[PDB]
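[1] can't give you the sequence, but here's the structure:
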């Protein structure tokens, strides 16, 4: 199993401290080195360091000497990672990885704990229509969409016609605006002929703010 | 620090075909003890990485024999005979021979298909949005292939730069294409300060760059 179960996602503000846990199955806990690697959104994999499960001694990688602390709870077979004075650049997914000495490999990886550092306050999005070309009504396939902008934090879910419409639908990954607010669009390609007969409503839901909006397009 | 450069950043492949991913290290990964600690991992969207090959050619427990590895000092290769759908994801090479364990940059295995030019749609900001001081203009590039595309914005023929953000979907499961949205953001005043708004898409599937536009605002 080598099972590695990490703690839930974390939403933090700059300067705060976070403590992520990684529970491993005993009867093998002291048989691996407990490493930690960070993966920033769409970035490579960066080894942060590891801690000896037999002695409790941490070894930090040069890039993580200062605000990072590796700890263990040998009783609960649990390993912890703490980051204090959190920065936006700490935003990433942290993996707790068990490693074997002989092979010197990263054998089992945890699911990864996502940490998001931001000063933004919870905010529901504004939903604007992306109207199908009007000055070009009957031309085969129509455009159509919804722009769900300025919300925080992730995620947002968008369906069309309460889920009856899925083909042609393209909901793009959110983008972090310079304002620190996310924005995204969900589009759908329909037949121009259906415009006027077939009504289109995008269903946008943002749970963090308990915001739900339906927008006819 | 030792640098690992994975040659194929992205590798398009047809199912059933063979795949070959390359890894080159800055220094020899031949430890003085003899062994060469060069391993290969595959990470699928939303999942934690998974050890496939260790010490150049050793397949980790449970790994399908269609996965094999070669190489000796600073150059290594992972091969996959007959690619399967479950094999699609990002492959990382990794070294554990030198001081701090480092990872290569990743190679994305993807489905290779025929060239598809994008369907280009442009949306002006909605009255409701303008009414709030902002103006987002969205340019949609629908179901195209390969992923490479170029979307240049122009406001009254003046080429824009730095004021737009673009998002791209993951290869579609059914047709293996990609879709992309480029959003041009401007203040309402600046928006009402110009006439023609146009996005020019230039994709390998188009004969000549295509441009869609409007001009109100």
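    Arrived safely, thanks for sending. Residues are numbered from 1 along each chain as shown, chains lettered A, B, ... in the order given.

[2] okay, CA-based contacts and neighbour counts for the rest of this
    Fine.

[3] Check the gap between the residue lying farthest from the centre of chain A and residue A:170 for me.
    Distance from the centre of chain A peaks at residue A:138, with 40.3 Å (C-alpha atoms, centre = their mean). Residue A:138 sits 22 Å away from residue A:170, going by C-alpha to C-alpha, to the nearest Å.

[4] cool, and residue A:61?
    41 Å.

[5] quick one: which of the two has more around it?
    More crowded of residue A:61 and residue A:170, by other C-alpha atoms under 10 Å in any protein chain shown: residue A:170, with 24 against 15.

[6] check contacts around the more buried one.
    Contacts of residue A:170 were listed using C-alpha atoms under 8 Å, 6 or more residues apart in numbering or on different chains, and they are A:186-188, B:169, B:179.

[7] quick one: strands adjacent to the longest strand seen in chain A?
    Determined from DSSP state E, the single longest strand within chain A is strand A:92-100. Here the strand partners of strand A:92-100, with direction, are listed using DSSP bridges: strand A:33-39 (antiparallel), strand A:105-109 (antiparallel), strand A:113-117 (antiparallel).

[8] Check which residues of the last one are buried.
    Within strand A:113-117, the residues that qualify as buried by neighbour count (16 or more other C-alpha atoms under 10 Å in any protein chain shown) are A:113-117.

[9] So is the helix or strand just after it next to chain B?
    Using DSSP states H and E, the next helix or strand after strand A:113-117 towards the C-terminus is strand A:126-130. Yes. Strand A:126-130 reaches chain B (C-alpha under 8 Å from any C-alpha of the partner chain) through A:128-130.

[10] that older thread, check which residues of the longest strand of chain A are buried.
    In strand A:92-100, counting by 16+ other C-alpha under 10 Å, buried: A:92-99.

[11] Would you mind listing what in chain B touches chain A?
    Residues of chain B that fall close to chain A, judged by C-alpha under 8 Å from any C-alpha: B:37, B:39, B:47-51, B:54-55, B:96, B:100-106, B:121, B:123-126, B:128-129, B:165-169, B:179-181.

[12] and the spatially closest residue to residue A:36 that is not a sequence neighbour, what is it in contact with?
    Once flanking residues are discounted, residue A:36 sits nearest to residue A:96: 4.7 Å by C-alpha to C-alpha, 6 or more residues apart in numbering or on different chains. By C-alpha under 8 Å, 6+ apart, residue A:96 lies in contact with A:4, A:6, A:22, A:34-37, A:109-110, A:112.

[13] between the strands paired with strand A:92-100, which gets nearest to residue A:213?
    Smallest distance to residue A:213 across the strands paired with strand A:92-100 (C-alpha to C-alpha): 25.2 Å, for strand A:113-117.
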